[PDB]
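Undergrad: This is the structure, below, for whatever I ask next.
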Amino acid sequence: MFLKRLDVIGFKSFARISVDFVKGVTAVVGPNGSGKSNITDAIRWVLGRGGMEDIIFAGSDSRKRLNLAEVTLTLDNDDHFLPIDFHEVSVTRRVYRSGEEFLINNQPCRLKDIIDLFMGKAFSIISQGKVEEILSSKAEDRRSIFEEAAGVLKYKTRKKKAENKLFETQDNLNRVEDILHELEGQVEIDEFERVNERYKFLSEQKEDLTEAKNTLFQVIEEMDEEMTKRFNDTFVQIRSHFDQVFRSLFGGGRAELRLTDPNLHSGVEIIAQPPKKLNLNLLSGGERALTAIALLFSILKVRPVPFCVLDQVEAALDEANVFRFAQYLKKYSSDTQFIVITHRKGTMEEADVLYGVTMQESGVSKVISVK
Amino acid sequence: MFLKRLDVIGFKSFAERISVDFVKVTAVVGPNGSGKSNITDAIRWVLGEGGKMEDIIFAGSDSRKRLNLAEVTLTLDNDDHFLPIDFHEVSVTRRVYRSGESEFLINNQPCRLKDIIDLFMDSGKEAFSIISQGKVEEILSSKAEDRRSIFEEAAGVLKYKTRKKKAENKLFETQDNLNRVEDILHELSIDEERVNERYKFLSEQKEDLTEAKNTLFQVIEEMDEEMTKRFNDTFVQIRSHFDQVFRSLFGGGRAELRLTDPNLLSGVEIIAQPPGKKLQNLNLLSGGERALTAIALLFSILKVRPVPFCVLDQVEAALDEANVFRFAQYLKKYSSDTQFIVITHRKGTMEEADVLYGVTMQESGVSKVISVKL
Amino acid sequence: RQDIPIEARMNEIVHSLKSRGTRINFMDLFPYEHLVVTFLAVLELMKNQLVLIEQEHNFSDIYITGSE
Amino acid sequence: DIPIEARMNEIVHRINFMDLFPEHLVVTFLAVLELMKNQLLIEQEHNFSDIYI
Ligand SMILES: Nc1ncnc2c1ncn2[C@@H]1O[C@H](COP(=O)(O)OP(=O)(O)OP(O)(O)=S)[C@@H](O)[C@H]1O
Ligand SMILES: Nc1ncnc2c1ncn2[C@@H]1O[C@H](COP(=O)(O)OP(=O)(O)OP(O)(O)=S)[C@@H](O)[C@H]1O
Ligand SMILES: [Co+2]
Ligand SMILES: [Mg+2]
Ligand SMILES: [Mg+2]
């Protein structure tokens, strides 16, 4: 998915603006109140501050509340990273003041259409200060951040649906059993040959389930063999980059990342020791920052996502380590597209693109860009 | 209480004995891993509240040792006798010994647990005059009925609260008493009835003393009338400071503060509508809108009940390249009637600061302190 | 500084509209790192309703017009 | 980064932190605060006194 442009009308501060995401780093700069954090919430409401209609502009002087809010995203599918043949994909979402919608390539589509299509930019986007969201989270609730990075969620969800189907199959064999137990006594004019006229074919009719279900269980069992294997294959490839990024950020600092128990549900537990045994709760505001940051740039070394957005991920670290979260953002500009929203100039120096967001015209945000 | 200096030994990152000299703005620099936002953990430790209590002592870096004795000091100029003590150089220290034993010391004499509280109850070094890290917006996100008390200790009305509470207990106990003795007063040839003269002597005098504690206690309970009056006097005094401070942070702002119902005991609600926006909620403010507004509300308090020394853990963390410099200006215009401790990585406030104590960390997991003036 | 160019540019951008009326051209207002801060200031004054800028499309030459 | 090493080599040709100064003294100190964190020293009599490298 190569990011091409982003059009907005009615979405929060969005007054009908288009963003042409260039190749490399795009710094989303500006002062406070501009609504650049909306540029991440729209890349939420299109893929999948309110509560519903809170998504729509409501109230500003020199303007009036709108009734319909929509956003478009234009993706270059030349290499067919998407299950379509289009070379310009355009996804749009919208909400009406009445509470009522999404389009794929200028055509309407179902609810789970865009969801099924992207299967993907969660931890792919880092909103304000949510960085530490990785560390503080429990170990049992941390592996999720890996399961998406390992693609295991596809095979997983499918397999869940398939078990749900097996439940209904058993729910049918239940009644079929009692019926047949009645047929044994009903067995022993020629109209009684009408009762045995349903049981003999209902034998291969219930057996039809008694076979298809057996063809489903195997389709679950070895389907986990492609999930439970992929989870490890990724986990270790992130392991061998934890030390690399971490240490490259802390000269002489060595750390690691381990897990607990088999897998399924394996709580991934995180360890770090700057250049000094640092429970990681005792790490500095920066030390808590450049951990979930290094861990990111190790994930971005395994399954790097093309569209990755970060919202003020560097406002907790001294200018010495802002250069760290700058250069590790100036390398991966080639392999993936990074959109970061940080007013700290340190990253704004290496940023290939500068998209300044302000607010004129009262509570209405305009956009400028130079580079 | 003009701040003088602070000595730490064995406290957290602080391994070698080091101290800091404070002036009348002091910006605490230093790159991450260091101890600047630790020094504030020590400043709250001195007066009052890592995991448990052991994690307060220097755990030790495996380039040095493992200390088991931690203690912090604080020296203040009480020339104007800000506190109920007659000393003109006050030294307050708290100690933590790996035996699990904490100590308290002032000058030449050990101190009690719930003692150093009282010395400071009138001053309000308020722990809420300490702005924490990742807490700068705490008051803005916190529930109304969780933002009421910050004004209570702002107005100083806490001491009265402790008064009326204890008095309440006393009046309860005495009520139980008089009730119980009224049952004794109700339970009560020829020869000599001489014990009844004492029975009516153990009531008409005794119920006189107890019943003299009634009318005398409920007048000290009516001293809460002073506590509520002084509170609301301040509740209103902050009011007309908001907008004017806001409007000078957001050119053309409009904001105001207001309460819910009547029945101290209520809750407070903030309202903020920046210039050329309005019509919205608090949750719909920007990332640095909540930062500045909270800043205004915790910068206007100090225009009503100012304190000696306040603490800033990364207050301008999420803010513009300009709304910090304006925050720096304000730090300079308020640095007169109170001493300021700020922890900031951006040059903006550093330029408007008097003397910086930059915290390094040499010798592995050990913090060092270097100071420079302007 | 950051605040200093905010109002130091307010002379050359208000007096250019009083001399030729022509909007201050960011391509012309180029001082010299510097192209970041100098853009950040103009990309600030828009919230004070002190300056307006137009773009026929993105990435096009930007012109600063201070007034409102 | 550049101001943080432009005085690093200049420390091998000992003197006060003010001997490395000409307004920007702030940043200059901020760099010395990192180099200390990289083990590359700092001497002072007491608080806010003469600081020798
Ligand atoms: N749904 C909305 N409806 C109307 N105005 C909105 C809406 N969302 C945001 N705004 C306006 O923009 C302001 C805050 O929007 P945010 O998106 O949170 O800004 P922000 O992106 O977080 O700003 P920064 O600088 O990035 S920290 C409000 O004060 C409003 O004036
Ligand atoms: N109790 C402790 N025992 C030993 N080391 C500690 C202790 N507390 C903190 N440290 C060390 O100090 C580091 C973090 O201390 P913090 O006080 O949070 O840092 P900080 O003050 O936030 O630093 P900055 O630059 O001011 S953000 C850890 O890496 C530890 O090595
Ligand atoms: Co093709
Ligand atoms: Mg934001
Ligand atoms: Mg800190």
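By convention in this document, the chains of the structure tokens carry letters A, B, ... by their order, each chain's residues are numbered from 1, and ligands are numbered from 1 in the order they are shown.
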Counting only C-alpha atoms, collect the residues of chain B whose closest atom lies at most 12 Å from chain C, and write them out as a ChimeraX atom specification.
TA: /B:249-253,274-277,320-329,346-349,351-352
Undergrad: Skip residue 61 in chain C itself and residues of its chain fewer than 3 positions away, then list as a ChimeraX atom specification all residues within 10 Å of it, counting only C-alpha atoms.
TA: /A:369-370 /C:25-28,54-58
Undergrad: Restricted to N, CA, C and O atoms, what would the selected residues look like written as a PDB file, in the first residue's frame?
TA:
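Written out: out.pdb:
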```
ATOM      1  N   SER A 369       1.909  23.213   2.927  1.00  0.00           N
ATOM      2  CA  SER A 369       3.087  22.342   2.916  1.00  0.00           C
ATOM      3  C   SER A 369       4.231  22.897   2.080  1.00  0.00           C
ATOM      4  O   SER A 369       4.010  23.493   1.027  1.00  0.00           O
ATOM      5  N   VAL A 370       5.463  22.702   2.558  1.00  0.00           N
ATOM      6  CA  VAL A 370       6.669  22.939   1.767  1.00  0.00           C
ATOM      7  C   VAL A 370       7.693  21.840   2.076  1.00  0.00           C
ATOM      8  O   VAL A 370       7.567  21.081   3.040  1.00  0.00           O
TER       9      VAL A 370
ATOM     10  N   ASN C  25       6.417  36.318  -0.390  1.00  0.00           N
ATOM     11  CA  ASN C  25       6.613  35.011  -1.000  1.00  0.00           C
ATOM     12  C   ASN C  25       7.582  34.204  -0.155  1.00  0.00           C
ATOM     13  O   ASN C  25       8.723  34.620   0.056  1.00  0.00           O
ATOM     14  N   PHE C  26       7.136  33.047   0.327  1.00  0.00           N
ATOM     15  CA  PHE C  26       8.040  32.207   1.094  1.00  0.00           C
ATOM     16  C   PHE C  26       9.291  31.889   0.289  1.00  0.00           C
ATOM     17  O   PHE C  26      10.388  31.799   0.848  1.00  0.00           O
ATOM     18  N   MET C  27       9.148  31.748  -1.033  1.00  0.00           N
ATOM     19  CA  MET C  27      10.308  31.539  -1.896  1.00  0.00           C
ATOM     20  C   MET C  27      11.219  32.760  -1.912  1.00  0.00           C
ATOM     21  O   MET C  27      12.441  32.617  -2.043  1.00  0.00           O
ATOM     22  N   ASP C  28      10.641  33.964  -1.808  1.00  0.00           N
ATOM     23  CA  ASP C  28      11.400  35.206  -1.665  1.00  0.00           C
ATOM     24  C   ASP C  28      11.856  35.466  -0.237  1.00  0.00           C
ATOM     25  O   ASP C  28      12.934  36.042  -0.045  1.00  0.00           O
ATOM     26  N   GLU C  54      -2.547  31.479   0.421  1.00  0.00           N
ATOM     27  CA  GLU C  54      -3.318  30.744  -0.570  1.00  0.00           C
ATOM     28  C   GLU C  54      -2.459  29.717  -1.311  1.00  0.00           C
ATOM     29  O   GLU C  54      -1.274  29.939  -1.572  1.00  0.00           O
ATOM     30  N   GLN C  55      -3.068  28.579  -1.644  1.00  0.00           N
ATOM     31  CA  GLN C  55      -2.424  27.568  -2.476  1.00  0.00           C
ATOM     32  C   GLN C  55      -3.415  27.060  -3.513  1.00  0.00           C
ATOM     33  O   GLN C  55      -4.436  26.466  -3.152  1.00  0.00           O
ATOM     34  N   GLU C  56      -3.112  27.268  -4.802  1.00  0.00           N
ATOM     35  CA  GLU C  56      -3.956  26.679  -5.836  1.00  0.00           C
ATOM     36  C   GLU C  56      -3.924  25.160  -5.760  1.00  0.00           C
ATOM     37  O   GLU C  56      -4.892  24.495  -6.146  1.00  0.00           O
ATOM     38  N   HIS C  57      -2.818  24.600  -5.274  1.00  0.00           N
ATOM     39  CA  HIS C  57      -2.723  23.187  -4.944  1.00  0.00           C
ATOM     40  C   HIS C  57      -1.606  23.037  -3.925  1.00  0.00           C
ATOM     41  O   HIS C  57      -0.865  23.984  -3.647  1.00  0.00           O
ATOM     42  N   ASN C  58      -1.463  21.819  -3.409  1.00  0.00           N
ATOM     43  CA  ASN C  58      -0.412  21.547  -2.445  1.00  0.00           C
ATOM     44  C   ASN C  58       0.944  21.733  -3.103  1.00  0.00           C
ATOM     45  O   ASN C  58       1.082  21.700  -4.326  1.00  0.00           O
TER      46      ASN C  58
END
```
Undergrad: For chain B against ligand 5, with a cut-off of 12 Å and counting only C-alpha atoms and all ligand atoms, what is the closest atom pair and its distance in Å to one decimal for every residue that makes the cut, ordered by chain and number, as a Markdown table?
TA:
```
| residue | atom | partner | partner_atom_place_in_ligand_line | distance |
| --- | --- | --- | --- | --- |
| B:28 | CA | ligand 5 | 1 (Mg) | 10.0 |
| B:29 | CA | ligand 5 | 1 (Mg) | 9.7 |
| B:30 | CA | ligand 5 | 1 (Mg) | 9.2 |
| B:31 | CA | ligand 5 | 1 (Mg) | 8.9 |
| B:32 | CA | ligand 5 | 1 (Mg) | 7.1 |
| B:33 | CA | ligand 5 | 1 (Mg) | 8.5 |
| B:34 | CA | ligand 5 | 1 (Mg) | 8.3 |
| B:35 | CA | ligand 5 | 1 (Mg) | 7.8 |
| B:36 | CA | ligand 5 | 1 (Mg) | 6.4 |
| B:37 | CA | ligand 5 | 1 (Mg) | 4.4 |
| B:38 | CA | ligand 5 | 1 (Mg) | 7.5 |
| B:39 | CA | ligand 5 | 1 (Mg) | 9.9 |
| B:40 | CA | ligand 5 | 1 (Mg) | 9.7 |
| B:41 | CA | ligand 5 | 1 (Mg) | 10.5 |
| B:131 | CA | ligand 5 | 1 (Mg) | 11.6 |
| B:132 | CA | ligand 5 | 1 (Mg) | 9.0 |
| B:133 | CA | ligand 5 | 1 (Mg) | 6.3 |
| B:134 | CA | ligand 5 | 1 (Mg) | 9.0 |
| B:135 | CA | ligand 5 | 1 (Mg) | 11.3 |
| B:312 | CA | ligand 5 | 1 (Mg) | 9.9 |
| B:313 | CA | ligand 5 | 1 (Mg) | 6.3 |
| B:314 | CA | ligand 5 | 1 (Mg) | 6.7 |
| B:315 | CA | ligand 5 | 1 (Mg) | 10.3 |
| B:317 | CA | ligand 5 | 1 (Mg) | 10.0 |
| B:342 | CA | ligand 5 | 1 (Mg) | 10.7 |
| B:343 | CA | ligand 5 | 1 (Mg) | 7.3 |
| B:344 | CA | ligand 5 | 1 (Mg) | 8.5 |
| B:345 | CA | ligand 5 | 1 (Mg) | 9.3 |
| B:359 | CA | ligand 5 | 1 (Mg) | 11.3 |
```
Undergrad: List every residue of chain C that DSSP, applied to the backbone of this structure, assigns to alpha helix (DSSP H), and report them as a PyMOL selection string.
TA: chain C and resi 3-14+34-45
Undergrad: Show me which residues line ligand 1, defined as having an atom within 6 Å of a ligand atom where only C-alpha atoms and all ligand atoms count, and present them as a PDB file with N, CA and C atoms, in the first residue's frame.
TA:
```
ATOM      1  N   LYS A  12     -14.186  16.463  11.758  1.00  0.00           N
ATOM      2  CA  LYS A  12     -13.704  17.260  12.891  1.00  0.00           C
ATOM      3  C   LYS A  12     -13.243  18.647  12.443  1.00  0.00           C
ATOM      4  N   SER A  13     -11.991  19.053  12.715  1.00  0.00           N
ATOM      5  CA  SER A  13     -11.470  20.356  12.292  1.00  0.00           C
ATOM      6  C   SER A  13     -11.389  20.497  10.786  1.00  0.00           C
ATOM      7  N   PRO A  31       1.454  24.431  15.362  1.00  0.00           N
ATOM      8  CA  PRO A  31       1.253  24.722  16.783  1.00  0.00           C
ATOM      9  C   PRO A  31       0.055  23.970  17.310  1.00  0.00           C
ATOM     10  N   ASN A  32      -0.348  24.234  18.541  1.00  0.00           N
ATOM     11  CA  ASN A  32      -1.424  23.481  19.159  1.00  0.00           C
ATOM     12  C   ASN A  32      -2.782  23.904  18.622  1.00  0.00           C
ATOM     13  N   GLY A  33      -3.747  22.992  18.759  1.00  0.00           N
ATOM     14  CA  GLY A  33      -5.100  23.222  18.307  1.00  0.00           C
ATOM     15  C   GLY A  33      -5.328  23.005  16.828  1.00  0.00           C
ATOM     16  N   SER A  34      -4.265  22.807  16.039  1.00  0.00           N
ATOM     17  CA  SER A  34      -4.427  22.735  14.588  1.00  0.00           C
ATOM     18  C   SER A  34      -5.289  21.551  14.176  1.00  0.00           C
ATOM     19  N   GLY A  35      -5.333  20.502  15.003  1.00  0.00           N
ATOM     20  CA  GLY A  35      -6.057  19.298  14.645  1.00  0.00           C
ATOM     21  C   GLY A  35      -5.246  18.298  13.840  1.00  0.00           C
ATOM     22  N   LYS A  36      -3.922  18.351  13.909  1.00  0.00           N
ATOM     23  CA  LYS A  36      -3.168  17.344  13.189  1.00  0.00           C
ATOM     24  C   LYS A  36      -3.420  15.965  13.758  1.00  0.00           C
ATOM     25  N   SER A  37      -3.842  15.879  15.014  1.00  0.00           N
ATOM     26  CA  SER A  37      -4.211  14.574  15.533  1.00  0.00           C
ATOM     27  C   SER A  37      -5.480  14.045  14.890  1.00  0.00           C
ATOM     28  N   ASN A  38      -6.330  14.915  14.339  1.00  0.00           N
ATOM     29  CA  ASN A  38      -7.431  14.426  13.520  1.00  0.00           C
ATOM     30  C   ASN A  38      -6.928  13.646  12.320  1.00  0.00           C
ATOM     31  N   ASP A  54     -20.188  13.063  16.802  1.00  0.00           N
ATOM     32  CA  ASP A  54     -19.014  13.795  17.268  1.00  0.00           C
ATOM     33  C   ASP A  54     -17.875  13.744  16.260  1.00  0.00           C
ATOM     34  N   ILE A  55     -17.968  12.872  15.260  1.00  0.00           N
ATOM     35  CA  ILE A  55     -16.957  12.808  14.215  1.00  0.00           C
ATOM     36  C   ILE A  55     -17.098  13.984  13.252  1.00  0.00           C
ATOM     37  N   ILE A  56     -18.288  14.535  13.147  1.00  0.00           N
ATOM     38  CA  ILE A  56     -18.624  15.621  12.233  1.00  0.00           C
ATOM     39  C   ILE A  56     -18.329  16.976  12.863  1.00  0.00           C
ATOM     40  N   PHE A  57     -17.905  17.920  12.030  1.00  0.00           N
ATOM     41  CA  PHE A  57     -17.749  19.287  12.498  1.00  0.00           C
ATOM     42  C   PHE A  57     -19.008  19.737  13.243  1.00  0.00           C
ATOM     43  N   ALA A  58     -18.889  20.194  14.498  1.00  0.00           N
ATOM     44  CA  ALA A  58     -20.008  20.948  15.081  1.00  0.00           C
ATOM     45  C   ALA A  58     -19.601  22.162  15.911  1.00  0.00           C
ATOM     46  N   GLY A 363     -12.439  28.054  14.336  1.00  0.00           N
ATOM     47  CA  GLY A 363     -12.116  26.694  14.737  1.00  0.00           C
ATOM     48  C   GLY A 363     -11.922  25.771  13.567  1.00  0.00           C
TER      49      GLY A 363
ATOM     50  N   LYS B 277     -12.929  29.451  18.636  1.00  0.00           N
ATOM     51  CA  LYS B 277     -13.550  28.145  18.464  1.00  0.00           C
ATOM     52  C   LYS B 277     -14.905  27.970  19.111  1.00  0.00           C
ATOM     53  N   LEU B 284     -12.626  17.208  23.905  1.00  0.00           N
ATOM     54  CA  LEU B 284     -12.362  17.571  22.528  1.00  0.00           C
ATOM     55  C   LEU B 284     -11.267  18.616  22.392  1.00  0.00           C
ATOM     56  N   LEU B 285     -10.558  18.942  23.466  1.00  0.00           N
ATOM     57  CA  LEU B 285      -9.409  19.829  23.352  1.00  0.00           C
ATOM     58  C   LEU B 285      -8.185  19.114  22.770  1.00  0.00           C
ATOM     59  N   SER B 286      -7.264  19.921  22.214  1.00  0.00           N
ATOM     60  CA  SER B 286      -6.035  19.388  21.615  1.00  0.00           C
ATOM     61  C   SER B 286      -5.144  18.752  22.670  1.00  0.00           C
ATOM     62  N   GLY B 287      -4.027  18.210  22.196  1.00  0.00           N
ATOM     63  CA  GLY B 287      -3.081  17.608  23.105  1.00  0.00           C
ATOM     64  C   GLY B 287      -2.393  18.640  23.959  1.00  0.00           C
ATOM     65  N   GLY B 288      -2.152  19.824  23.396  1.00  0.00           N
ATOM     66  CA  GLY B 288      -1.513  20.887  24.137  1.00  0.00           C
ATOM     67  C   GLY B 288      -2.514  21.923  24.582  1.00  0.00           C
TER      68      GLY B 288
END
```
Undergrad: Could you write out as a count of residues only the residues of chain A within 10 Å of chain B, counting only C-alpha atoms?
TA: 57
Undergrad: Do a neighbour search on residue 39 in chain D at 7 Å with only C-alpha atoms, toss out local chain neighbours closer than 3 positions, and write the hits as a list in words.
TA: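 Contacts, with the query itself left out: residues 362 of chain B; 35 and 36 of chain D.
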Undergrad: May I have the residues from that selection written out with N, CA, C and O atoms, as a short mmCIF file (atom, residue, chain, number, x, y, z; two decimals), in the first residue's frame?
TA:
```
data_model
loop_
_atom_site.label_atom_id
_atom_site.label_comp_id
_atom_site.auth_asym_id
_atom_site.auth_seq_id
_atom_site.Cartn_x
_atom_site.Cartn_y
_atom_site.Cartn_z
N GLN B 362 27.18 9.85 35.49
CA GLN B 362 28.43 9.13 35.33
C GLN B 362 28.48 7.95 36.31
O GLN B 362 27.58 7.75 37.12
N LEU D 35 27.82 14.12 27.07
CA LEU D 35 29.13 13.48 27.00
C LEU D 35 29.46 12.84 28.33
O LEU D 35 30.05 11.75 28.35
N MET D 36 29.09 13.46 29.45
CA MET D 36 29.29 12.75 30.70
C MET D 36 28.55 11.43 30.66
O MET D 36 29.07 10.42 31.15
#
```
Undergrad: Give the residues close to ligand 3, within 7 Å, counting only C-alpha atoms and all ligand atoms; write them as a list in words.
TA: residues 78, 79, 80, 85, 86 and 87 of chain A
Undergrad: Take the selection from the previous step and output its residues with N, CA and C atoms, as a tab-separated table (two decimals), in the first residue's frame.
TA:
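The resulting file, again.tsv, is shown below:
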```
chain	number	residue	atom	x	y	z
A	78	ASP	N	-0.35	-0.50	-7.71
A	78	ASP	CA	0.45	-1.04	-8.81
A	78	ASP	C	1.03	-2.43	-8.51
A	79	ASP	N	1.59	-2.65	-7.32
A	79	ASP	CA	2.20	-3.95	-7.07
A	79	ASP	C	1.20	-4.98	-6.57
A	80	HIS	N	-0.07	-4.60	-6.48
A	80	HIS	CA	-1.16	-5.49	-6.07
A	80	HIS	C	-0.90	-6.06	-4.67
A	85	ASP	N	-7.33	-5.67	-8.77
A	85	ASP	CA	-6.43	-5.39	-9.87
A	85	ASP	C	-6.20	-3.91	-10.11
A	86	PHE	N	-6.86	-3.03	-9.35
A	86	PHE	CA	-6.74	-1.60	-9.60
A	86	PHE	C	-5.34	-1.10	-9.28
A	87	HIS	N	-4.84	-0.18	-10.12
A	87	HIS	CA	-3.60	0.54	-9.89
A	87	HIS	C	-3.79	1.87	-9.16
```
Undergrad: Within 6 Å of residue 234 in chain B, counting only C-alpha atoms, which residues show up once you throw out same-chain ones fewer than 3 positions away? Write them as an mmCIF file with N, CA and C atoms, in the first residue's frame, please.
TA:
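Once written, around.cif looks like this:
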```
data_model
loop_
_atom_site.group_PDB
_atom_site.id
_atom_site.type_symbol
_atom_site.label_atom_id
_atom_site.label_comp_id
_atom_site.auth_asym_id
_atom_site.auth_seq_id
_atom_site.Cartn_x
_atom_site.Cartn_y
_atom_site.Cartn_z
ATOM 1 N N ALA B 155 -7.099 26.939 49.696
ATOM 2 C CA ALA B 155 -7.566 27.967 50.611
ATOM 3 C C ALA B 155 -7.014 27.776 52.020
ATOM 4 N N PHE B 231 -13.100 29.152 52.290
ATOM 5 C CA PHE B 231 -13.062 28.349 51.071
ATOM 6 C C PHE B 231 -13.719 29.077 49.910
ATOM 7 N N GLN B 237 -12.186 33.902 44.325
ATOM 8 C CA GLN B 237 -10.987 34.663 43.978
ATOM 9 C C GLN B 237 -10.245 34.065 42.768
#
```
Undergrad: Return as a PDB file with N, CA, C and O atoms, in the first residue's frame the full set of residues in chain D whose backbone-based DSSP assignment is strand (DSSP E).
TA:
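The result, stored in out31.pdb:
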```
ATOM      1  N   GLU D  43      34.641  18.767  36.890  1.00  0.00           N
ATOM      2  CA  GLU D  43      35.072  19.126  38.230  1.00  0.00           C
ATOM      3  C   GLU D  43      34.416  20.436  38.664  1.00  0.00           C
ATOM      4  O   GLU D  43      34.247  21.353  37.860  1.00  0.00           O
ATOM      5  N   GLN D  44      34.024  20.517  39.936  1.00  0.00           N
ATOM      6  CA  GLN D  44      33.542  21.772  40.500  1.00  0.00           C
ATOM      7  C   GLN D  44      33.847  21.799  41.992  1.00  0.00           C
ATOM      8  O   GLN D  44      33.756  20.766  42.661  1.00  0.00           O
ATOM      9  N   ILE D  51      33.657  25.337  36.952  1.00  0.00           N
ATOM     10  CA  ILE D  51      33.458  23.983  36.409  1.00  0.00           C
ATOM     11  C   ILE D  51      34.514  23.692  35.358  1.00  0.00           C
ATOM     12  O   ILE D  51      34.432  24.196  34.236  1.00  0.00           O
ATOM     13  N   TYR D  52      35.443  22.810  35.705  1.00  0.00           N
ATOM     14  CA  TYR D  52      36.602  22.461  34.893  1.00  0.00           C
ATOM     15  C   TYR D  52      36.370  21.132  34.191  1.00  0.00           C
ATOM     16  O   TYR D  52      35.847  20.186  34.787  1.00  0.00           O
TER      17      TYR D  52
END
```
Undergrad: Considering only C-alpha atoms, state which residue in the set D:29, D:24, D:37, D:46 is at the smallest distance from chain C.
TA: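 Using only C-alpha atoms, the shortest distance to chain C belongs to D:24.
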Undergrad: Could you list, as a ChimeraX atom specification, every residue of chain B that has an atom within 6 Å of an atom of chain D, counting only C-alpha atoms?
TA: /B:360-362,371-372
Undergrad: Excluding residue 292 in chain A and residues on its chain fewer than 2 positions from it, collect all residues at most 8 Å away from it, counting only C-alpha atoms, and give them as a list in words.
TA: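 Here the qualifying residues turn out to be residues 131, 132, 134, 135, 288, 289, 290, 294, 295 and 296 of chain A.
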Undergrad: Just N, CA and C atoms for this one: save the residues we selected as an mmCIF file, in the first residue's frame.
TA:
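Listing of out16.cif after writing:
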```cif
data_model
loop_
_atom_site.group_PDB
_atom_site.id
_atom_site.type_symbol
_atom_site.label_atom_id
_atom_site.label_comp_id
_atom_site.auth_asym_id
_atom_site.auth_seq_id
_atom_site.Cartn_x
_atom_site.Cartn_y
_atom_site.Cartn_z
ATOM 1 N N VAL A 131 2.561 5.730 23.219
ATOM 2 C CA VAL A 131 3.770 4.939 23.012
ATOM 3 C C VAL A 131 3.854 3.909 24.130
ATOM 4 N N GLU A 132 3.927 4.408 25.360
ATOM 5 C CA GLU A 132 4.164 3.583 26.538
ATOM 6 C C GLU A 132 3.092 2.517 26.668
ATOM 7 N N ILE A 134 2.639 0.117 25.058
ATOM 8 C CA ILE A 134 3.158 -1.239 24.934
ATOM 9 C C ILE A 134 3.708 -1.726 26.265
ATOM 10 N N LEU A 135 4.497 -0.893 26.941
ATOM 11 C CA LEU A 135 5.169 -1.343 28.152
ATOM 12 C C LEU A 135 4.161 -1.637 29.254
ATOM 13 N N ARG A 288 11.549 5.181 29.258
ATOM 14 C CA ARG A 288 10.344 4.446 28.948
ATOM 15 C C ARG A 288 9.962 4.684 27.507
ATOM 16 N N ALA A 289 10.415 5.798 26.938
ATOM 17 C CA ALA A 289 10.088 6.137 25.559
ATOM 18 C C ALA A 289 10.975 5.306 24.679
ATOM 19 N N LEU A 290 12.302 5.437 24.800
ATOM 20 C CA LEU A 290 13.046 4.626 23.835
ATOM 21 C C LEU A 290 13.176 3.273 24.448
ATOM 22 N N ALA A 294 12.303 1.521 20.278
ATOM 23 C CA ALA A 294 13.216 0.573 19.650
ATOM 24 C C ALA A 294 12.449 -0.671 19.241
ATOM 25 N N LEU A 295 11.622 -1.191 20.151
ATOM 26 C CA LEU A 295 10.782 -2.335 19.844
ATOM 27 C C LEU A 295 10.016 -2.133 18.545
ATOM 28 N N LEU A 296 9.540 -0.912 18.300
ATOM 29 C CA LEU A 296 8.900 -0.630 17.023
ATOM 30 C C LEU A 296 9.866 -0.902 15.897
#
```
